[PDB]
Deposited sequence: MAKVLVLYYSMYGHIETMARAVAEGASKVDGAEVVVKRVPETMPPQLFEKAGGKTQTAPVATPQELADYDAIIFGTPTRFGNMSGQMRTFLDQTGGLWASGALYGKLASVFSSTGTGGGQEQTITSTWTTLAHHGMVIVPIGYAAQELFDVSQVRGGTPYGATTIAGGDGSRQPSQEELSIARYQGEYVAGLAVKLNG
(Lines of atoms letter the chains of each structure in order from A and count residues from 1; the text may use other names and numbers.)
(Lines give C-alpha, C1' and ligand atoms only; values in the text may rest on other atoms or scores of the structure.)
Protein backbone atom coordinates (compact mmCIF):
# COMPACT_ATOMS: atom_id res chain seq x y z
CA UNK A 1 0.00 0.00 0.00
CA UNK A 2 1.21 3.50 -0.78
CA UNK A 3 0.79 6.09 1.96
CA UNK A 4 1.22 9.82 1.32
CA UNK A 5 1.86 12.16 4.21
CA UNK A 6 0.85 15.52 2.70
CA UNK A 7 1.40 18.60 4.79
CA UNK A 8 1.74 22.34 5.17
CA UNK A 9 4.06 23.91 7.78
CA UNK A 10 5.19 27.50 8.26
CA UNK A 11 7.28 27.19 11.47
CA UNK A 12 8.16 23.51 11.41
CA UNK A 13 5.67 22.10 13.97
CA UNK A 14 3.58 20.24 11.40
CA UNK A 15 6.77 19.29 9.55
CA UNK A 16 8.08 17.59 12.75
CA UNK A 17 4.68 15.94 13.21
CA UNK A 18 4.73 14.69 9.56
CA UNK A 19 8.08 12.95 10.16
CA UNK A 20 6.62 11.10 13.18
CA UNK A 21 3.55 10.13 11.16
CA UNK A 22 5.70 8.83 8.36
CA UNK A 23 7.93 6.86 10.81
CA UNK A 24 4.78 5.19 12.15
CA UNK A 25 3.40 4.31 8.70
CA UNK A 26 6.84 2.90 7.72
CA UNK A 27 6.64 0.35 10.61
CA UNK A 28 3.98 -1.48 8.65
CA UNK A 29 5.01 -4.46 6.51
CA UNK A 30 3.80 -3.78 2.96
CA UNK A 31 3.34 -0.03 3.39
CA UNK A 32 5.49 2.32 1.30
CA UNK A 33 5.58 5.88 2.60
CA UNK A 34 6.22 9.19 0.98
CA UNK A 35 6.28 12.68 2.56
CA UNK A 36 5.40 15.82 0.54
CA UNK A 37 4.32 19.39 1.13
CA UNK A 38 1.89 21.70 -0.58
CA UNK A 39 3.32 24.82 -2.23
CA UNK A 40 4.01 27.86 -0.10
CA UNK A 41 1.78 30.64 -1.45
CA UNK A 42 3.55 33.48 0.39
CA UNK A 43 6.33 35.38 -1.52
CA UNK A 44 9.66 34.15 -0.06
CA UNK A 45 10.55 37.69 1.03
CA UNK A 46 7.47 37.83 3.31
CA UNK A 47 7.91 34.20 4.38
CA UNK A 48 11.52 35.09 5.34
CA UNK A 49 10.62 38.18 7.37
CA UNK A 50 7.69 36.40 9.12
CA UNK A 51 10.37 34.05 10.46
CA UNK A 52 9.20 31.04 8.43
CA UNK A 53 11.19 27.82 8.58
CA UNK A 54 12.03 27.02 4.96
CA UNK A 55 10.44 23.76 3.88
CA UNK A 56 12.50 21.48 1.82
CA UNK A 57 10.34 18.35 1.22
CA UNK A 58 9.31 17.63 -2.44
CA UNK A 59 6.26 19.74 -3.44
CA UNK A 60 3.25 17.60 -4.32
CA UNK A 61 1.12 18.18 -7.43
CA UNK A 62 -2.66 17.68 -7.11
CA UNK A 63 -2.51 14.94 -9.75
CA UNK A 64 -0.21 12.56 -7.90
CA UNK A 65 -2.68 12.14 -5.02
CA UNK A 66 -4.48 9.53 -7.18
CA UNK A 67 -1.35 7.37 -6.84
CA UNK A 68 -1.76 6.60 -3.13
CA UNK A 69 -4.00 4.27 -1.21
CA UNK A 70 -4.01 6.47 1.91
CA UNK A 71 -3.38 10.19 2.38
CA UNK A 72 -2.63 11.67 5.81
CA UNK A 73 -3.09 15.42 5.73
CA UNK A 74 -1.24 17.74 8.12
CA UNK A 75 -2.13 21.38 8.52
CA UNK A 76 -1.68 23.97 11.23
CA UNK A 77 -4.79 25.67 12.55
CA UNK A 78 -5.66 29.02 10.99
CA UNK A 79 -8.58 30.31 13.13
CA UNK A 80 -10.22 26.83 13.22
CA UNK A 81 -9.72 25.94 9.56
CA UNK A 82 -6.88 24.46 7.52
CA UNK A 83 -4.32 26.92 6.22
CA UNK A 84 -4.80 28.99 3.06
CA UNK A 85 -1.93 27.05 1.50
CA UNK A 86 -3.62 23.68 2.07
CA UNK A 87 -7.04 25.11 1.03
CA UNK A 88 -5.52 26.53 -2.23
CA UNK A 89 -3.94 23.12 -2.95
CA UNK A 90 -7.09 21.11 -2.29
CA UNK A 91 -9.03 23.60 -4.48
CA UNK A 92 -6.89 22.25 -7.37
CA UNK A 93 -8.23 18.71 -6.97
CA UNK A 94 -11.38 19.20 -9.15
CA UNK A 95 -9.99 16.93 -11.87
CA UNK A 96 -9.59 14.14 -9.36
CA UNK A 97 -13.06 14.78 -7.96
CA UNK A 98 -14.67 14.54 -11.48
CA UNK A 99 -12.96 11.21 -12.17
CA UNK A 100 -13.60 9.71 -8.71
CA UNK A 101 -9.79 9.41 -8.35
CA UNK A 102 -9.69 9.53 -4.54
CA UNK A 103 -13.02 7.72 -3.99
CA UNK A 104 -12.72 5.02 -1.29
CA UNK A 105 -9.08 5.86 -0.44
CA UNK A 106 -8.14 6.27 3.24
CA UNK A 107 -7.81 9.75 4.67
CA UNK A 108 -6.71 11.01 8.09
CA UNK A 109 -5.64 14.35 9.51
CA UNK A 110 -3.21 15.86 12.07
CA UNK A 111 -2.86 19.40 13.21
CA UNK A 112 -1.03 22.04 15.31
CA UNK A 113 -2.20 25.14 17.15
CA UNK A 114 -0.69 27.94 19.24
CA UNK A 115 -2.85 27.44 22.31
CA UNK A 116 -5.39 24.66 21.64
CA UNK A 117 -8.29 26.77 20.37
CA UNK A 118 -9.62 25.58 17.07
CA UNK A 119 -7.72 22.25 16.72
CA UNK A 120 -10.90 20.19 16.68
CA UNK A 121 -12.60 22.40 14.09
CA UNK A 122 -9.49 22.37 11.87
CA UNK A 123 -9.55 18.60 11.72
CA UNK A 124 -13.31 18.12 11.23
CA UNK A 125 -13.52 20.95 8.61
CA UNK A 126 -10.75 19.15 6.72
CA UNK A 127 -12.73 15.85 6.94
CA UNK A 128 -15.52 17.72 5.05
CA UNK A 129 -13.32 18.10 1.91
CA UNK A 130 -12.09 14.52 2.16
CA UNK A 131 -15.72 13.31 2.32
CA UNK A 132 -16.60 15.21 -0.93
CA UNK A 133 -13.82 13.12 -2.53
CA UNK A 134 -15.43 9.96 -1.21
CA UNK A 135 -12.46 9.27 1.10
CA UNK A 136 -12.81 6.91 4.03
CA UNK A 137 -12.05 8.95 7.16
CA UNK A 138 -9.89 7.58 10.00
CA UNK A 139 -9.94 9.32 13.39
CA UNK A 140 -7.74 8.10 16.21
CA UNK A 141 -10.34 7.90 18.95
CA UNK A 142 -9.05 7.44 22.54
CA UNK A 143 -5.59 6.22 21.36
CA UNK A 144 -3.78 8.89 23.48
CA UNK A 145 -5.62 7.80 26.68
CA UNK A 146 -4.88 4.06 25.97
CA UNK A 147 -5.10 18.50 25.50
CA UNK A 148 -5.46 16.29 22.36
CA UNK A 149 -8.48 15.06 20.40
CA UNK A 150 -9.95 11.78 19.18
CA UNK A 151 -10.09 13.34 15.68
CA UNK A 152 -6.36 13.27 14.90
CA UNK A 153 -2.90 13.86 16.40
CA UNK A 154 -2.15 17.38 17.46
CA UNK A 155 0.69 19.43 18.89
CA UNK A 156 0.76 22.75 20.76
CA UNK A 157 3.20 25.31 19.33
CA UNK A 158 2.75 27.71 22.29
CA UNK A 159 1.63 31.36 22.13
CA UNK A 160 5.02 32.40 20.75
CA UNK A 161 5.61 29.27 18.62
CA UNK A 162 8.57 28.16 20.77
CA UNK A 163 7.12 24.92 22.07
CA UNK A 164 8.28 21.77 20.30
CA UNK A 165 6.30 18.58 20.10
CA UNK A 166 6.57 16.29 23.09
CA UNK A 167 7.48 12.63 23.03
CA UNK A 168 3.84 11.82 23.83
CA UNK A 169 2.57 14.00 20.92
CA UNK A 170 5.05 12.35 18.53
CA UNK A 171 4.02 8.94 19.85
CA UNK A 172 0.38 9.69 19.07
CA UNK A 173 1.38 10.99 15.58
CA UNK A 174 3.42 7.81 15.01
CA UNK A 175 0.43 5.69 16.09
CA UNK A 176 -1.77 7.53 13.60
CA UNK A 177 0.69 6.80 10.75
CA UNK A 178 1.03 3.14 11.83
CA UNK A 179 -2.71 2.64 12.18
CA UNK A 180 -3.67 4.28 8.85
CA UNK A 181 -0.89 2.41 6.98
CA UNK A 182 -2.15 -0.86 8.56
CA UNK A 183 -5.64 -0.18 7.32
CA UNK A 184 -4.19 0.66 3.86
CA UNK A 185 -2.39 -2.77 3.69
CA UNK A 186 -5.46 -4.67 4.97
CA UNK A 187 -7.47 -3.11 2.11
CA UNK A 188 -5.00 -2.91 -0.79
CA UNK A 189 -2.20 -5.33 0.15
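- What the model leaves out of the deposited chain are the segments 1, 148 to 155.
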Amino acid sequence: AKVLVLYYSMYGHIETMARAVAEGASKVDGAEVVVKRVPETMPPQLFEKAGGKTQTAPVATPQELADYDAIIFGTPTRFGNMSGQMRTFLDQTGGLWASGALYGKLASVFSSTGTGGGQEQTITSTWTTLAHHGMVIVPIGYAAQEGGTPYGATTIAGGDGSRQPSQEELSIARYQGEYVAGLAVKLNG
From here on, numbers count along this sequence of modelled residues.
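Between two forms, the rigid core is the largest collection of C-alphas that superpose within 1.5 Å.
- In 8 other deposited structures of this protein, superposed by the rigid core, the C-alpha atoms of 148 to 156 lie farther from the shown form than the other of 148 to 156 and 59 to 67.
- Remark: stretch with higher mean C-alpha B factor among 22 to 30 and 118 to 126 is 22 to 30.
- Comparing 151 to 159 with 52 to 60, the higher mean C-alpha B-factor in the PDB entry belongs to 52 to 60.
- In the PDB entry, a CA B factor belonging to the highest third of its chain's modelled residues is recorded for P43.
- Ranked by C-alpha B-factor against the other modelled residues of its chain, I137 falls in the lowest third.
- Among the modelled residues of its chain, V35 has a C-alpha B-factor that falls in the middle third according to the deposited record.
- Per the deposited record, the Cα B-factor of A131 falls in the lowest third when ranked against the other modelled residues of its chain.
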